[PDB]
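Structure, as structure tokens:
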Amino acid sequence: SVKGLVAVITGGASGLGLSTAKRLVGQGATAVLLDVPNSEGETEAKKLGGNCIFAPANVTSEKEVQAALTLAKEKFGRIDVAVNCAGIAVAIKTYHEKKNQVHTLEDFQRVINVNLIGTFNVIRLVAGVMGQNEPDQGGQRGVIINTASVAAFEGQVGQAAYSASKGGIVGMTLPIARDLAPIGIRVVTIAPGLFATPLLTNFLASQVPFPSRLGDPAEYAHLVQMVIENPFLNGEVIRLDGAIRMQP
Amino acid sequence: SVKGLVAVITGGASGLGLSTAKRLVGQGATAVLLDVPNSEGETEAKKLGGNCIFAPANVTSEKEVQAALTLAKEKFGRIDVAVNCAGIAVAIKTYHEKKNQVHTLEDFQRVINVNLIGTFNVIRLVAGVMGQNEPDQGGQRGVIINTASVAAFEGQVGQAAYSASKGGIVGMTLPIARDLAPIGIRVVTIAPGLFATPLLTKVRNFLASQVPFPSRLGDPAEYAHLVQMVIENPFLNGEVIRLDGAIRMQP
Amino acid sequence: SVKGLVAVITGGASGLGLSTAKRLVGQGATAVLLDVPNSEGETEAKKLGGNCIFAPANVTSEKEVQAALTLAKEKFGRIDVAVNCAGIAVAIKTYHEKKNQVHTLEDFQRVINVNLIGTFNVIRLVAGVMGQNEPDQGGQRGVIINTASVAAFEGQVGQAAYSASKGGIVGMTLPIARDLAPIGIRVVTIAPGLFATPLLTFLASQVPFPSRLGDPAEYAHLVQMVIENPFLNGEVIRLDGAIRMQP
Amino acid sequence: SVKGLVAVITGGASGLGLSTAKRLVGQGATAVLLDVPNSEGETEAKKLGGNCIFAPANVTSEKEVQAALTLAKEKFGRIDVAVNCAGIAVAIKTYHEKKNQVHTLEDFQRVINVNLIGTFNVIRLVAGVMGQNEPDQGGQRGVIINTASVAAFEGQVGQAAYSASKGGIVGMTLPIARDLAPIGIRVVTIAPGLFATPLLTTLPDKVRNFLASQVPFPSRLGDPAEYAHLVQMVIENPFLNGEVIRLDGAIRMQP
């Protein structure tokens, strides 16, 4: 079970991070929603009660994310779980002939900065916080769960920046679990296929073999709970995608 | 929840299949252990209670497999889940220079027949049974879970036959989930690393000294919780999951 | 250069294996085409001249492959390379709901026996032949090249038996290269996408670029590069124009 | 044959990039070495002769890469091949328990910026230059080859930034090949295991000397010329695309 664990969930005001937060608070854990100030984190935290607060922060900022973890530890006393769901996406070709338009450097930089350098910023700063915990009966001090994408394996036309960023998450999964193994922190990544969140904001659903529909955010939340409960899952990437494989 | 579902677990008399049956029965499901007659199957299904029975069958036998699935459908009315855990292992080099010995073809064939063809034999026969189920609210008629190994990806010296059989399992997982998509049967494969079973249990704790964290052999109850997650989560399909403590196997 | 080398190519009377044999003989190597007695192996070997012979053998047969390897080692003096291209395909659903048809166990067993058990049978018995060679200046005594398929990774509807056999090839590539490391035999597998051969001849249209079936001479070119590069080992290479298969 | 093709090779003053230049120019091609100003660039470009020039440039700069490409296009008339070998490595734990030291954010940012954003900078700006060429008999306009690493799959302890940069190169290889398919530009990535280049001084020392033993066969560090031979194979084979090839002796990295 996850009752009594404290989880910091980035991207927690919407979509997969918010559904994760609803499932873990409903199972008895406490959840901090780390999300930008312009989001609706504060209200969603209120709707989930006193065991779920909002920590406004941008994950590309060291000082903000350090302030958000300080808040979580001060309120709830420790951090057991982190879930990285903050992320953005763009759909721009590397070079579009017709328009003779190269993809800009700054649009690639921005997607790398939020998705991959923002996930590594959270990881590096929560790892020292979970390192303070007394190890449980099996030597574990924490679990860190990241969100990649099937775009890390079958990135479509227009997804070079998003793919680069999520393949970076996938490539650092095993070296960060091997770095944190001596202090008992597992590191696992989930790679969702196509899910019903805002991030889509009209024919995507038909491509999915079975179930033949977009994923429900609550199914990502149930895998997150399984990942936190299973003590031997480590250093691995799970696809959650209805058996889809993306075409160009 | 798995309360009420009927699962047939091949390899259910020992190790990972037996720990899966104990967890699923302790959570309210029914379980049929499918394992060879010599095994401890009968005893185990007795110690597990009236919601678990033993169906003697060798998975390389179409007739025996089909008889066990029919027993299950007779006793319990339907089959909702199948978990393939029957398997064998050998440690024989392709060519051993000290000995001057070449791996026999029959010792490769044997591993391939139990591990690979025997999992396909159970899959193909249980798909037609699950296809008799009424689809649930979300279109689902059944879930098939196979057990490969990390050896499908990092086979060590000595594991050509075992690696070939487990890579065959991994390679057929997506085309079988695509074949079954129209009738709502999910197909997922779990690839354990090293586990404390009557396959493993100085030769063994050297192996457990290589696991990053937790630093020890897997406990079969951890494989059984992964199998419960895979039954419960409706969107996991056509994928292979490593369950191994972050180990990568050296030669 | 592959000049001088002796290769045994299973499935060499047709498609990929024959194009590979044309290229390697054209570059000065010797080739032994290992194929079933009913194929056109004798004529194909005759057309390539006296540096190319036919050794009729089914790769599932331990007696037949040992006699064809022995013919190669006697005729040419040694075996430096083995290319596994012998292979068959089927298109059968696991369970077909409209006809209420279960895939038969025999059709799955026959594809695994030719493609997977046959490729291991050639590897296991050519290894000890190559083990007789004096190592070259970098320790090498031989190179073994197997043929899998993109179906090991994106198997389509109807390909459960073929994907199982090609996923078995990929799976065993690294342990046999580990096994053979002490005697200097490299082991590499190619996973082609779709190639214009008698196994095949809108599939073409799905390949990003170039948008067409592959040409068997491009597979032959990638085989020569794997024979020439001393550091490629224990790896599977996709040769597929960037195709990813849909159901 | 590579004869008469024009190749721009980033990181071309040393290691893999230089040995790749040496091989292509030995085989009849022209090569531009794109490397920083403080490297041996200019002297290598001289030793390699009249069909090899140095364009000093940092791959992280739009302006410098655009200028180096323009010089190649002005001086040889076209660009047929691009080879990304510019790269840096670091060995830093995400969080060090003994020393109680966290990996800095700017050290991870610097390796992602050189290795991954610097490789996409060159791709996107060379793509349009290759797109000026007329298509060959088979529809091809150019080939782009990138260098990742087996760290993209088995990153060791200390390699979080390096692995994240290299796994990002692997992750983008297919979407870029798909993006560039209409114009006939293949995109392939090579993931080298451990090679005898000057980069090697990144490992402990009590690590480095031992490396060879881990390599199954041949049981040694890779020779840079072996990397160069695989690059020529990728240039020549018209059907390789969208794929990553390990070149590593069958090694699998332990922690």
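When the chains are written out, they are named A, B, C and D in that same order, and each has its own residue count from 1.
In the analysis below, contacts are C-beta pairs under 8 Å (C-beta built on N, C-alpha and C of every residue); 3 or more make two chains touch, one makes a residue touch a chain.
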{"item": "Pair joined by more contacting C-beta pairs (A-B or B-C)", "value": "B-C"}
{"item": "Inter-centroid spacing, chain D versus chain A (mean Cα positions, whole Å)", "value": "30"}
{"item": "Distance from the mean Cα position of chain D to that of chain B, given in whole angstrom", "value": "42"}
{"item": "Where chain B touches two or more other chains, by residue", "value": "154, 174, 178, 180-182, 212, 248, 251"}
{"item": "Chain contact topology (line, ring, star, complete or other)", "value": "complete"}
{"item": "All chain pairs that touch each other", "value": "A-B, A-C, A-D, B-C, B-D, C-D"}
{"item": "Contact footprint of chain D on chain A as seen in their complex", "value": "62, 93-95, 97, 100, 102-103, 105, 108-109, 112, 116-117, 120-121, 123-125, 127-128, 131, 151-161, 163-172, 174-176, 178-183, 248"}
{"item": "Chain A-facing residues of chain B, complex", "value": "138-140, 174, 177-178, 180-182, 184, 186-187, 193, 212-215, 218-219, 222, 225-226, 229, 232-239, 241-248"}
{"item": "Touch list for chain B against partner chain D, complex", "value": "154, 210, 212, 248-251"}
